[PDB]
file target-v8.txt (compact mmCIF, N, CA and C atoms and all ligand atoms)
# COMPACT_ATOMS: atom_id res chain seq x y z
N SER A 42 11.98 10.61 30.02
CA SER A 42 13.46 10.84 30.09
C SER A 42 14.22 9.77 29.29
N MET A 43 13.76 8.52 29.33
CA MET A 43 14.28 7.40 28.51
C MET A 43 13.45 7.28 27.23
N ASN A 44 14.03 6.71 26.17
CA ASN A 44 13.29 6.34 24.94
C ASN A 44 12.47 5.09 25.24
N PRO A 45 11.31 4.88 24.60
CA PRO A 45 10.61 3.61 24.68
C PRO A 45 11.36 2.59 23.83
N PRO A 46 11.12 1.28 24.03
CA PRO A 46 11.64 0.28 23.10
C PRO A 46 11.04 0.54 21.72
N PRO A 47 11.74 0.19 20.62
CA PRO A 47 11.21 0.45 19.28
C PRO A 47 10.01 -0.44 18.99
N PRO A 48 9.21 -0.16 17.94
CA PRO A 48 8.07 -1.00 17.60
C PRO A 48 8.52 -2.42 17.21
N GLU A 49 7.66 -3.41 17.46
CA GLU A 49 7.91 -4.83 17.08
C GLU A 49 8.07 -4.89 15.56
N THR A 50 9.04 -5.67 15.08
CA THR A 50 9.33 -5.83 13.63
C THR A 50 9.24 -7.29 13.16
N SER A 51 9.12 -8.23 14.10
CA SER A 51 9.04 -9.69 13.82
C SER A 51 8.06 -10.32 14.82
N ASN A 52 7.29 -11.31 14.36
CA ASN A 52 6.39 -12.10 15.24
C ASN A 52 6.18 -13.46 14.57
N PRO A 53 6.89 -14.52 15.04
CA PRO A 53 6.73 -15.87 14.49
C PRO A 53 5.32 -16.45 14.67
N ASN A 54 4.50 -15.86 15.54
CA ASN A 54 3.14 -16.36 15.91
C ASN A 54 2.07 -15.87 14.92
N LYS A 55 2.42 -14.91 14.05
CA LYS A 55 1.51 -14.35 13.02
C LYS A 55 1.77 -15.05 11.69
N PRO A 56 0.72 -15.55 10.99
CA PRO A 56 0.90 -16.10 9.65
C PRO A 56 1.54 -15.11 8.66
N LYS A 57 2.29 -15.64 7.69
CA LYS A 57 3.11 -14.87 6.73
C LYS A 57 2.67 -15.20 5.30
N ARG A 58 2.71 -14.21 4.41
CA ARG A 58 2.49 -14.42 2.96
C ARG A 58 3.25 -13.36 2.17
N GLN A 59 3.61 -13.70 0.93
CA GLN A 59 4.10 -12.76 -0.11
C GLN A 59 2.92 -12.44 -1.03
N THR A 60 2.68 -11.15 -1.30
CA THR A 60 1.67 -10.67 -2.28
C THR A 60 2.35 -9.64 -3.18
N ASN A 61 1.79 -9.43 -4.38
CA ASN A 61 2.26 -8.42 -5.37
C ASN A 61 2.25 -7.03 -4.72
N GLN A 62 1.22 -6.75 -3.92
CA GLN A 62 1.03 -5.43 -3.24
C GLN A 62 2.11 -5.25 -2.15
N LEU A 63 2.39 -6.27 -1.34
CA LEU A 63 3.45 -6.20 -0.29
C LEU A 63 4.82 -6.05 -0.96
N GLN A 64 5.07 -6.76 -2.06
CA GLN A 64 6.34 -6.68 -2.83
C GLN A 64 6.52 -5.26 -3.37
N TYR A 65 5.45 -4.67 -3.92
CA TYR A 65 5.42 -3.28 -4.46
C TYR A 65 5.76 -2.29 -3.34
N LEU A 66 5.18 -2.48 -2.15
CA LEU A 66 5.39 -1.57 -0.99
C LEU A 66 6.87 -1.55 -0.59
N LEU A 67 7.59 -2.68 -0.69
CA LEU A 67 9.04 -2.74 -0.34
C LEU A 67 9.89 -2.26 -1.52
N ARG A 68 9.66 -2.81 -2.72
CA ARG A 68 10.57 -2.65 -3.89
C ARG A 68 10.37 -1.28 -4.55
N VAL A 69 9.16 -0.71 -4.47
CA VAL A 69 8.82 0.59 -5.13
C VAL A 69 8.64 1.68 -4.06
N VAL A 70 7.66 1.53 -3.16
CA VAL A 70 7.22 2.63 -2.25
C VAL A 70 8.34 2.94 -1.26
N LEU A 71 8.75 1.96 -0.43
CA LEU A 71 9.79 2.18 0.60
C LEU A 71 11.11 2.57 -0.07
N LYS A 72 11.51 1.82 -1.11
CA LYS A 72 12.76 2.05 -1.87
C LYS A 72 12.83 3.52 -2.32
N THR A 73 11.76 4.02 -2.94
CA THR A 73 11.66 5.41 -3.48
C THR A 73 11.88 6.41 -2.34
N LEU A 74 11.16 6.25 -1.23
CA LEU A 74 11.20 7.20 -0.08
C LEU A 74 12.55 7.10 0.62
N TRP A 75 13.09 5.89 0.78
CA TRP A 75 14.33 5.64 1.56
C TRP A 75 15.52 6.42 0.97
N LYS A 76 15.60 6.54 -0.35
CA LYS A 76 16.77 7.13 -1.06
C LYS A 76 16.60 8.65 -1.18
N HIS A 77 15.44 9.19 -0.81
CA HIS A 77 15.11 10.63 -0.96
C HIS A 77 16.06 11.50 -0.12
N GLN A 78 16.34 12.71 -0.60
CA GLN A 78 17.17 13.72 0.10
C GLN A 78 16.70 13.89 1.55
N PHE A 79 15.40 13.83 1.82
CA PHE A 79 14.82 14.15 3.15
C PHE A 79 14.44 12.90 3.94
N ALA A 80 14.85 11.71 3.50
CA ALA A 80 14.47 10.44 4.16
C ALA A 80 15.10 10.34 5.56
N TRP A 81 16.29 10.90 5.76
CA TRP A 81 17.18 10.48 6.87
C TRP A 81 16.57 10.72 8.25
N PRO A 82 15.81 11.80 8.56
CA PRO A 82 15.19 11.91 9.89
C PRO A 82 14.12 10.84 10.17
N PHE A 83 13.66 10.16 9.12
CA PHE A 83 12.53 9.19 9.15
C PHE A 83 13.03 7.74 9.03
N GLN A 84 14.35 7.52 8.99
CA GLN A 84 14.93 6.17 8.71
C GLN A 84 15.10 5.36 10.00
N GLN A 85 14.80 5.94 11.16
CA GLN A 85 14.92 5.25 12.47
C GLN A 85 13.96 5.92 13.44
N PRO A 86 13.60 5.25 14.55
CA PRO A 86 12.78 5.87 15.58
C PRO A 86 13.37 7.20 16.06
N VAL A 87 12.50 8.14 16.42
CA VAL A 87 12.92 9.43 17.03
C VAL A 87 13.66 9.11 18.33
N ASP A 88 14.95 9.45 18.40
CA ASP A 88 15.78 9.29 19.62
C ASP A 88 15.60 10.56 20.45
N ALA A 89 14.57 10.59 21.29
CA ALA A 89 14.17 11.78 22.06
C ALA A 89 15.24 12.12 23.11
N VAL A 90 16.00 11.13 23.57
CA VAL A 90 17.12 11.35 24.54
C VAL A 90 18.23 12.14 23.82
N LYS A 91 18.73 11.62 22.70
CA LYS A 91 19.83 12.24 21.91
C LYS A 91 19.41 13.62 21.41
N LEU A 92 18.16 13.76 20.95
CA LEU A 92 17.64 15.02 20.34
C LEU A 92 17.16 16.00 21.42
N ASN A 93 17.19 15.61 22.70
CA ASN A 93 16.76 16.46 23.84
C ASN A 93 15.31 16.90 23.61
N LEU A 94 14.42 15.93 23.41
CA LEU A 94 12.96 16.13 23.21
C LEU A 94 12.21 15.35 24.29
N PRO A 95 12.30 15.74 25.58
CA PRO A 95 11.70 14.95 26.65
C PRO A 95 10.17 14.83 26.55
N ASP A 96 9.51 15.73 25.82
CA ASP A 96 8.03 15.72 25.64
C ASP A 96 7.61 14.82 24.47
N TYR A 97 8.53 14.33 23.63
CA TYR A 97 8.16 13.63 22.38
C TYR A 97 7.25 12.43 22.70
N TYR A 98 7.70 11.51 23.56
CA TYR A 98 6.96 10.27 23.88
C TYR A 98 5.91 10.55 24.97
N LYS A 99 5.80 11.79 25.44
CA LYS A 99 4.68 12.22 26.32
C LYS A 99 3.44 12.53 25.48
N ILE A 100 3.59 12.83 24.18
CA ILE A 100 2.40 13.11 23.31
C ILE A 100 2.32 12.13 22.14
N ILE A 101 3.42 11.53 21.69
CA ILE A 101 3.39 10.52 20.58
C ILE A 101 3.39 9.11 21.19
N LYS A 102 2.22 8.47 21.19
CA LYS A 102 2.03 7.13 21.81
C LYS A 102 2.01 6.02 20.77
N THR A 103 1.97 6.35 19.47
CA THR A 103 2.04 5.37 18.36
C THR A 103 3.19 5.76 17.44
N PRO A 104 4.45 5.72 17.93
CA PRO A 104 5.59 6.10 17.09
C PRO A 104 5.72 5.13 15.91
N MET A 105 6.22 5.65 14.80
CA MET A 105 6.49 4.83 13.60
C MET A 105 7.54 5.55 12.75
N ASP A 106 8.33 4.77 12.02
CA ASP A 106 9.46 5.27 11.21
C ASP A 106 9.69 4.30 10.06
N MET A 107 10.43 4.72 9.04
CA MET A 107 10.65 3.87 7.84
C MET A 107 11.63 2.74 8.14
N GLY A 108 12.51 2.88 9.14
CA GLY A 108 13.39 1.77 9.56
C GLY A 108 12.55 0.59 10.03
N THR A 109 11.57 0.87 10.88
CA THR A 109 10.59 -0.12 11.39
C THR A 109 9.79 -0.70 10.22
N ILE A 110 9.27 0.14 9.32
CA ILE A 110 8.44 -0.33 8.17
C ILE A 110 9.29 -1.25 7.29
N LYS A 111 10.54 -0.87 7.01
CA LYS A 111 11.48 -1.68 6.20
C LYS A 111 11.63 -3.07 6.83
N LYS A 112 11.94 -3.14 8.12
CA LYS A 112 12.14 -4.43 8.83
C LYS A 112 10.83 -5.23 8.82
N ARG A 113 9.68 -4.58 9.02
CA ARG A 113 8.36 -5.27 9.01
C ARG A 113 8.13 -5.92 7.65
N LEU A 114 8.37 -5.20 6.55
CA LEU A 114 8.21 -5.76 5.18
C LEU A 114 9.18 -6.93 5.00
N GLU A 115 10.44 -6.76 5.40
CA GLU A 115 11.50 -7.79 5.25
C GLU A 115 11.14 -9.05 6.05
N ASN A 116 10.44 -8.90 7.18
CA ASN A 116 10.12 -10.01 8.12
C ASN A 116 8.70 -10.53 7.89
N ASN A 117 8.03 -10.09 6.82
CA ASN A 117 6.66 -10.56 6.45
C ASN A 117 5.70 -10.29 7.61
N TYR A 118 5.87 -9.17 8.32
CA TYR A 118 5.07 -8.78 9.50
C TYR A 118 3.64 -8.42 9.09
N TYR A 119 3.46 -7.90 7.88
CA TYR A 119 2.14 -7.44 7.36
C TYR A 119 1.49 -8.55 6.51
N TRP A 120 0.23 -8.86 6.80
CA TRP A 120 -0.62 -9.78 5.99
C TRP A 120 -1.32 -8.97 4.88
N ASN A 121 -1.89 -7.81 5.24
CA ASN A 121 -2.62 -6.90 4.33
C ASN A 121 -1.76 -5.66 4.04
N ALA A 122 -1.69 -5.24 2.77
CA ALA A 122 -0.96 -4.04 2.29
C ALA A 122 -1.40 -2.79 3.05
N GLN A 123 -2.68 -2.70 3.42
CA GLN A 123 -3.26 -1.53 4.12
C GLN A 123 -2.59 -1.36 5.50
N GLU A 124 -2.13 -2.45 6.12
CA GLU A 124 -1.41 -2.41 7.43
C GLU A 124 -0.13 -1.59 7.26
N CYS A 125 0.59 -1.80 6.16
CA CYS A 125 1.85 -1.09 5.84
C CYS A 125 1.55 0.38 5.51
N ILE A 126 0.56 0.62 4.66
CA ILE A 126 0.13 2.00 4.27
C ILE A 126 -0.24 2.77 5.55
N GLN A 127 -0.94 2.13 6.49
CA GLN A 127 -1.33 2.76 7.77
C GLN A 127 -0.07 3.17 8.55
N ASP A 128 0.98 2.35 8.55
CA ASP A 128 2.23 2.68 9.28
C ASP A 128 2.87 3.93 8.65
N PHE A 129 2.92 4.03 7.33
CA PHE A 129 3.44 5.25 6.66
C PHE A 129 2.61 6.46 7.10
N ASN A 130 1.28 6.32 7.08
CA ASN A 130 0.35 7.41 7.45
C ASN A 130 0.58 7.81 8.91
N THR A 131 0.78 6.85 9.81
CA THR A 131 1.05 7.13 11.24
C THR A 131 2.34 7.95 11.35
N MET A 132 3.38 7.56 10.61
CA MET A 132 4.68 8.27 10.63
C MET A 132 4.48 9.74 10.21
N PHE A 133 3.75 9.99 9.12
CA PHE A 133 3.50 11.38 8.65
C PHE A 133 2.67 12.13 9.69
N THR A 134 1.57 11.54 10.16
CA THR A 134 0.64 12.19 11.11
C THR A 134 1.40 12.56 12.39
N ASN A 135 2.24 11.67 12.91
CA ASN A 135 3.03 11.96 14.14
C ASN A 135 3.84 13.24 13.93
N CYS A 136 4.49 13.37 12.78
CA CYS A 136 5.32 14.55 12.45
C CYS A 136 4.43 15.81 12.44
N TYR A 137 3.21 15.71 11.92
CA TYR A 137 2.28 16.85 11.78
C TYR A 137 1.58 17.17 13.11
N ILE A 138 1.69 16.30 14.12
CA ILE A 138 1.15 16.53 15.49
C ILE A 138 2.20 17.25 16.33
N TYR A 139 3.43 16.72 16.40
CA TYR A 139 4.50 17.26 17.28
C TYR A 139 5.01 18.61 16.75
N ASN A 140 5.01 18.81 15.43
CA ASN A 140 5.67 19.97 14.79
C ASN A 140 4.62 20.91 14.20
N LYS A 141 4.86 22.22 14.32
CA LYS A 141 3.96 23.28 13.83
C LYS A 141 3.91 23.25 12.30
N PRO A 142 2.73 23.44 11.68
CA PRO A 142 2.65 23.59 10.23
C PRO A 142 3.67 24.61 9.71
N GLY A 143 4.37 24.26 8.63
CA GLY A 143 5.38 25.11 7.99
C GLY A 143 6.77 24.94 8.59
N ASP A 144 6.94 24.16 9.67
CA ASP A 144 8.27 23.89 10.26
C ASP A 144 9.12 23.08 9.27
N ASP A 145 10.44 23.24 9.34
CA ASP A 145 11.43 22.54 8.48
C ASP A 145 11.10 21.05 8.37
N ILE A 146 10.94 20.35 9.49
CA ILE A 146 10.76 18.86 9.48
C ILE A 146 9.40 18.53 8.85
N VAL A 147 8.39 19.38 9.03
CA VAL A 147 7.04 19.18 8.44
C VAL A 147 7.15 19.31 6.91
N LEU A 148 7.91 20.30 6.43
CA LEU A 148 8.09 20.52 4.97
C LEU A 148 8.82 19.32 4.36
N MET A 149 9.80 18.77 5.09
CA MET A 149 10.52 17.55 4.66
C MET A 149 9.54 16.38 4.57
N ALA A 150 8.71 16.18 5.59
CA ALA A 150 7.70 15.09 5.63
C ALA A 150 6.72 15.26 4.47
N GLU A 151 6.29 16.50 4.20
CA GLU A 151 5.30 16.80 3.13
C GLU A 151 5.89 16.42 1.77
N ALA A 152 7.18 16.70 1.54
CA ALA A 152 7.90 16.34 0.29
C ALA A 152 7.88 14.82 0.11
N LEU A 153 8.16 14.06 1.18
CA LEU A 153 8.12 12.57 1.17
C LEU A 153 6.68 12.10 0.93
N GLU A 154 5.71 12.70 1.61
CA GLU A 154 4.29 12.26 1.54
C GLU A 154 3.75 12.44 0.12
N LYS A 155 4.14 13.52 -0.57
CA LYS A 155 3.73 13.77 -1.98
C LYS A 155 4.12 12.56 -2.84
N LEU A 156 5.35 12.07 -2.69
CA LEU A 156 5.88 10.92 -3.47
C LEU A 156 5.18 9.63 -3.03
N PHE A 157 4.95 9.46 -1.72
CA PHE A 157 4.21 8.30 -1.15
C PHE A 157 2.83 8.19 -1.82
N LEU A 158 2.07 9.29 -1.84
CA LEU A 158 0.67 9.31 -2.35
C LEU A 158 0.66 8.94 -3.84
N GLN A 159 1.64 9.42 -4.61
CA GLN A 159 1.78 9.11 -6.06
C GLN A 159 1.92 7.59 -6.22
N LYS A 160 2.81 6.96 -5.44
CA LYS A 160 3.13 5.51 -5.57
C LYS A 160 1.94 4.65 -5.12
N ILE A 161 1.21 5.05 -4.07
CA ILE A 161 0.03 4.30 -3.54
C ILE A 161 -1.13 4.39 -4.54
N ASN A 162 -1.21 5.50 -5.28
CA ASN A 162 -2.24 5.70 -6.33
C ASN A 162 -1.98 4.75 -7.51
N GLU A 163 -0.76 4.21 -7.61
CA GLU A 163 -0.33 3.26 -8.67
C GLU A 163 -0.09 1.86 -8.07
N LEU A 164 -0.68 1.57 -6.90
CA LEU A 164 -0.60 0.24 -6.23
C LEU A 164 -1.18 -0.81 -7.18
N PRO A 165 -0.49 -1.95 -7.40
CA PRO A 165 -0.96 -2.96 -8.35
C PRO A 165 -2.19 -3.73 -7.85
N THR A 166 -2.98 -4.26 -8.79
CA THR A 166 -3.97 -5.33 -8.53
C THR A 166 -3.20 -6.59 -8.12
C1 LIG B 201 20.98 18.38 14.06
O1 LIG B 201 20.54 17.11 14.50
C2 LIG B 201 20.39 16.23 13.41
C3 LIG B 201 19.11 15.49 13.50
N1 LIG B 201 19.03 14.18 13.41
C4 LIG B 201 17.67 13.90 13.54
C5 LIG B 201 16.99 12.69 13.52
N2 LIG B 201 15.68 12.60 13.65
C6 LIG B 201 14.95 13.76 13.82
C7 LIG B 201 13.55 13.64 13.96
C8 LIG B 201 12.76 14.74 14.15
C9 LIG B 201 11.30 14.56 14.25
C10 LIG B 201 10.49 13.89 13.31
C11 LIG B 201 10.86 13.19 12.05
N3 LIG B 201 9.23 13.93 13.67
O2 LIG B 201 9.20 14.65 14.89
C12 LIG B 201 10.45 15.01 15.20
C13 LIG B 201 10.62 15.78 16.46
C14 LIG B 201 13.35 16.02 14.17
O3 LIG B 201 12.47 17.06 14.35
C15 LIG B 201 13.05 18.35 14.53
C16 LIG B 201 11.97 19.29 15.00
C17 LIG B 201 11.74 19.23 16.52
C18 LIG B 201 11.78 20.65 17.09
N4 LIG B 201 11.96 21.54 15.94
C19 LIG B 201 12.35 20.76 14.73
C20 LIG B 201 14.70 16.17 14.03
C21 LIG B 201 15.54 15.04 13.85
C22 LIG B 201 16.93 15.07 13.70
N5 LIG B 201 17.90 16.11 13.67
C23 LIG B 201 17.69 17.57 13.79
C24 LIG B 201 17.27 17.98 15.20
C25 LIG B 201 16.77 18.10 12.70
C26 LIG B 201 16.06 19.28 12.88
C27 LIG B 201 15.23 19.76 11.88
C28 LIG B 201 15.09 19.08 10.70
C29 LIG B 201 15.80 17.91 10.50
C30 LIG B 201 16.63 17.42 11.49

call {"tool": "encode", "arguments": {"input": "target-v8.txt", "output": "structure tokens"}}
result
Amino acid sequence: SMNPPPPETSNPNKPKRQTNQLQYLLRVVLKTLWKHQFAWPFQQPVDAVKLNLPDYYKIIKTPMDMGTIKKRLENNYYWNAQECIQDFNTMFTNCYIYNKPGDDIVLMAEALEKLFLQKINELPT
């Protein structure tokens, strides 16, 4: 009936680094997806209270969104680039679990995922 607290976006107890791959994930990958026509349902956690989706957090136990990913990159939350790529993959997979194949929101997610896969295939050394 209530929303869960959003995912953690900062942890001072975890070591921090800047890498070319982490910089690419913020400046190219997230930037590209964030400005997309279909980004907006994915820019913040699913508000299941406001959207009247009482079953959402009854089946989605690893929620993820691009608002969370943006803050995690900004706060140096990720040590390895694959940690960030996994969060994008979790966000897409969650959409493909809760929603029937061919649904409006699934088609929007698929359009974003096509662009995501192109950019990850060009991830720098
Ligand atoms: C008219 O209301 C406007 C509106 N704002 C938002 C914000 N976030 C939404 C997130 C989702 C969503 C995602 C992603 N992954 O799982 C879910 C569930 C969303 O899904 C709609 C499906 C659930 C049941 N059938 C469609 C909608 C969000 C949303 N919306 C509306 C409800 C909306 C509906 C369809 C497509 C885009 C936006």

call {"tool": "residues_near_ligand", "arguments": {"input": "target-v8.txt", "ligand": "ligand LIG 201 (chain B)", "cutoff": "10 Å", "atoms": "only C-alpha atoms and all ligand atoms", "output": "MDAnalysis selection string"}}
result
chainID A and resid 79:89 91:94 96:98 101 104:106 132:141 144:150

call {"tool": "atom_distance", "arguments": {"input": "target-v8.txt", "atom1": "atom N of residue 64 of chain A", "atom2": "atom N of residue 151 of chain A"}}
result
24.1 Å

call {"tool": "residues_around", "arguments": {"input": "target-v8.txt", "residues": "segment 68-72 of chain A", "least_positions_apart": "2", "cutoff": "8 Å", "atoms": "only N, CA and C atoms", "output": "count of residues only"}}
result
16

call {"tool": "atom_distance", "arguments": {"input": "target-v8.txt", "atom1": "atom C of residue 114 of chain A", "atom2": "atom C of residue 90 of chain A"}}
result
28.3 Å

call {"tool": "select_by_dssp", "arguments": {"input": "target-v8.txt", "residues": "chain A", "states": "helix (DSSP H, G or I)", "output": "ChimeraX atom specification"}}
result
/A:61-75,81-83,97-100,107-115,122-139,145-161

call {"tool": "atom_distance", "arguments": {"input": "target-v8.txt", "atom1": "atom N of residue 165 of chain A", "atom2": "atom N of residue 61 of chain A"}}
result
8.4 Å

call {"tool": "closest_residue", "arguments": {"input": "target-v8.txt", "among": "A:95, A:47, A:56, A:143", "to": "residue 119 of chain A", "atoms": "only N, CA and C atoms"}}
result
A:56
